[PDB]
Amino acid sequence: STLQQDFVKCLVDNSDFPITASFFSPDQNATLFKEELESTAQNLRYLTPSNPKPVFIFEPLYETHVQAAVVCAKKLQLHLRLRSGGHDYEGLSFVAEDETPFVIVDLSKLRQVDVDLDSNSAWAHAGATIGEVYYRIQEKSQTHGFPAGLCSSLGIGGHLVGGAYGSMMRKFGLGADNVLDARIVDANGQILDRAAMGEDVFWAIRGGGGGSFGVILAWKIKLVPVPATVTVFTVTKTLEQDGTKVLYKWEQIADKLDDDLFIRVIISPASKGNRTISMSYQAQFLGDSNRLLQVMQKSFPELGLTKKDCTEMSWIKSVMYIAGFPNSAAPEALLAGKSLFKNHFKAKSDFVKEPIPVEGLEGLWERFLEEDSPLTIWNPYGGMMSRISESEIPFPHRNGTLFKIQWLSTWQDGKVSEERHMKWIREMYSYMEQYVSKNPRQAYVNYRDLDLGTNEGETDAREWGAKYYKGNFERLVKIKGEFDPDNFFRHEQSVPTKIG
Ligand SMILES: *Cc1cc2c(nc3c(=O)[nH]c(=O)nc-3n2C[C@H](O)[C@H](O)[C@H](O)COP(=O)(O)OP(=O)(O)OC[C@H]2O[C@@H](n3cnc4c(N)ncnc43)[C@H](O)[C@@H]2O)c(*)c1C
Ligand SMILES: *[C@@H]1O[C@H](CO)[C@@H](O[C@@H]2O[C@H](CO)[C@@H](O)[C@H](O)[C@H]2NC(C)=O)[C@H](O)[C@H]1NC(C)=O
Ligand SMILES: *[C@@H]1O[C@H](CO)[C@@H](O)[C@H](O)[C@H]1NC(C)=O
Ligand code: NA
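Just so you know, the sequence shown maps onto residues 27 to 42, 45 to 300, 305 to 532 in full-length UniProt numbering.
(1) When you compare each of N306, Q314, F373 to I294 by their alpha carbons, which one comes out closest?
(2) What span of residues does the alpha helix (DSSP H) with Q280 cover, start to end?
(3) Do you know how far the Cα of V252 is from the Cα of residue 44?
(4) Are the beta-carbon atoms of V468 and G191 separated by less than 8 Å?
(5) Cβ-heavy atom distance between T486 and ligand 4 below 7 Å?
(6) Return yes when the Cβ of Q170 is within less than 8 Å of the Cβ of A282, no when it is not.
(7) Below 8 Å on the Cβ atoms is my guess for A498 versus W439; work out the distance and round it to an integer in Å.
(8) Could you compute how far the alpha carbon of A124 sits from the alpha carbon of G415?
(9) Counting only beta-carbon atoms, is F521 nearer than 8 Å to chain C?
(10) So, using beta-carbon positions, are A204 and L182 closer together than 8 Å?
(11) Given 8 Å as the limit, is there contact between the segment 355 to 367 and the segment 320 to 337, that is, 3 or more CB pairs closer than that?
(12) In chain order, what residues of the same chain lie with their CB nearer than 8 Å to the CB of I409, ignoring the 5 residues before and after it?
(13) Closer than 5 Å between the C-beta and any heavy atom of ligand 3: which residues qualify, listed along the chain?
(14) If I'm right that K502 touches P428 with Cβ under 8 Å, what's the distance once you round it to whole angstroms?
(15) Which residue wins for smallest C-alpha separation from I309, given the options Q269, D144, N216?
(16) Have a look at the DSSP bridge pairing and note the partners of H153.
(17) Determine the direct distance from the alpha carbon of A298 to that of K250, and round the result to whole angstroms.
(18) How many Å lie between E465 and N471 at the Cα?
(19) Using CA atoms only, rank isn't needed, just tell me which of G226, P88, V83, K273 is closest to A49.
(20) Could you check where the alpha helix (DSSP H) with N57 kicks off and where it finishes?
(21) What residues are listed by DSSP as bridge partners for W443?
(22) Starting from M196 and walking both ways along the alpha helix (DSSP H), at which residues does that stretch end?
(23) Flag this pair as yes or no: are the beta carbons of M352 and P363 separated by less than 8 Å?
(24) How is the beta strand (DSSP E) around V83 delimited, first residue to last?
(25) Any idea which residues DSSP pairs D144 with across the strands?
(26) Is the distance from the Cβ of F52 to the Cβ of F84 below 8 Å?
(27) Assuming the contact rule is C-beta atoms closer than 8 Å, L508 and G239 should be a hit. Round their C-beta distance to whole Å, please.
(28) Using only the alpha-carbon positions, how far apart do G159 and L367 sit?
(29) For the beta strand (DSSP E) holding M311, just list the boundary residues, first then last.
(30) Just the Cα atoms here: how many angstroms apart are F505 and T272?
(31) Give me the DSSP bridge partner(s) of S299.
(32) Could you give the DSSP three-state label for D320: helix, strand or coil?
(33) Could you please give the first and the last residue of the uninterrupted alpha helix (DSSP H) stretch that includes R164?
(34) Measure from the alpha carbon of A246 to the alpha carbon of each residue in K62, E334, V161, then state which is nearest.
(35) With a cut-off of 8 Å on the beta carbons, I'd call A96 and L37 a contact; round off their distance for me.
(36) With a cut-off of 5 Å, give the chain-ordered residues whose Cβ is closer than this to any heavy atom of ligand 2.
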């Protein structure tokens, strides 16, 4: 009479299928269970043996199975963690702290995507990757797209609920700025659409972050116009090529460029056996290369972009280009729904309100050259992002935001070098405090960082709540208290039911 036998009995006692082959446990098959656990889990840091493991994993095949799983987990007082794409930076979708026992409900079998051009919209289920959504859209039309993530393997279920920015945010805003409806499962196992859940809950799931406001089954997204021809480029500058001053110029102008123009910077050490710092300016321009060169000559001639560097292509090709696909790959590669690689990593995030001066940058370089594999990605805001209020949706990082920084340290060897890398990024984060947003020091919720504080820990939730959501946190808490009073949907940094 095991926990899983009770779980299955509760499942089948629901009037809505075999299910055995949708279960994974150490007792069934330890080898299979491990592989299912690791399958979509992206951060290898959270797959080491030291990490708490779920008693079992359940992969529902229909929406009714998701309902039954909620009902049964609640009835057996079994802690639930939801997983769609598995990209959580802190492994929150497959690793739970001090909630023994816990179960993973993995939604990777619900990947239906239905595109309807006539209404300029689409329904995408939680287990679909954004790459799959992108592919299905372009399949119907070369002049439609969607402004969500840059990474192809991001799961819908955990992506859009955090806001979902990408290379088209300066023109169309966030993925969460472009949704119409959704279907969610509440704490009582009811399926609610926007009409049933009400406007407050629908607001909450447009930036509130995953794991807090019920199980998202599907989003109804609003398609956006993209041109038949999109231009991209990647221009690389090192410190020996006036790199620091060039980056400083980028800080001053990137958020002020034409709405069609998105130029992010990818920054990492590079071999010159010494190292230098290398900045890759990667761009997507919703227009032709002729117009682009004119835009660049006026506002960023320091980059030294030439026609030779520009490549014109379809929107879907540009998506794969930015995502770092080889030119040898085809759009159908997006259908595999697999990440390009995996490693152990620790990430943090920042928002910049005033340009980091060159001396601040040089101090950053000194630290980067002290680390094995540091990497930082800077993403320009402005454009449409400045024209939306901070309280429109829970995502608060709008006007005044020059750009968002993603801090990264990665490694291949797990617990061998983990401690060193963790300490390095925390030191660097502390160094940067003087240069980034203050009161609060803003952070992106889909870049989970437990260092900011947890519900259970001694850090008050208002402190880290203010970083992710700013002035929207209090309202999120109120909604959470009303929607899930028993705190069934919860994790280390879930929106609490109350404050105090
Ligand atoms: C790995 C990775 C992440 C990226 C990348 N680039 C991004 C970008 O260009 N724009 C972005 O906006 N975000 C980017 N991120 C971060 C991702 O957005 C986040 O990592 C998302 O949370 C990923 O979602 P998903 O892939 O589904 O990860 P999961 O671990 O499955 O879930 C995350 C989080 O949400 C909860 N949750 C999952 N599924 C559901 C459902 N159906 N309903 C409610 N809540 C859900 C989980 O509990 C978990 O806490 C680029 C790369 C390479
Ligand atoms: C338990 O599950 C594991 C994992 O799928 C199974 O082991 C694999 O079996 C397949 C089929 O021959 C092989 O291709 C793999 O090489 C095996 N795994 C590895 C990597 O060794 C196994 O079949 C299952 N055992 C039972 C009892 O059915
Ligand atoms: C937007 O931010 C800029 C830069 O800080 C500021 O000057 C301006 O007042 C802000 N605009 C609005 C509408 O508040
Ligand atoms: Na706390």
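Where a beta carbon is used, it is the ideal one built from N, C-alpha and C, also for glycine.
Well, looking at it:
(1) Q314
(2) The continuous alpha helix (DSSP H) containing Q280 extends over residues 271 to 281.
(3) One cannot assign coordinates to residue 44, given that the chain in this structure leaps from 42 to 45.
(4) no
(5) The answer is yes for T486.
(6) No, Cβ-Cβ distance for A282 and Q170 is not below 8 Å.
(7) Not a contact, Cβ separation roughly 19 Å.
(8) Distance between the alpha carbons of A124 and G415 is about 38 Å.
(9) Looking for chain C here will not work: only one protein chain is present.
(10) no
(11) no
(12) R292, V293, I294, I295, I437, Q438, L440
(13) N431, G432
(14) Indeed they touch by this definition, with Cβ atoms about 4 Å apart.
(15) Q269
(16) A246
(17) 41 Å
(18) 11 Å
(19) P88
(20) 54 to 67
(21) In the DSSP output, where bridge partners are listed per residue, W443 has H376.
(22) Counting along the chain, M196 falls outside any alpha helix (DSSP H), and DSSP gives it neither H nor E.
(23) yes
(24) First-last for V83: undefined, no H or E at that position.
(25) In the DSSP secondary-structure assignment, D144 is bridged to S149.
(26) yes
(27) Actually they are not in contact, since the Cβ atoms of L508 and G239 sit about 13 Å apart, beyond 8 Å.
(28) 7 Å
(29) 307 to 317
(30) 37 Å
(31) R307
(32) coil
(33) Start and end: 158 to 168.
(34) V161
(35) Confirmed, about 5 Å.
(36) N57, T59, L60
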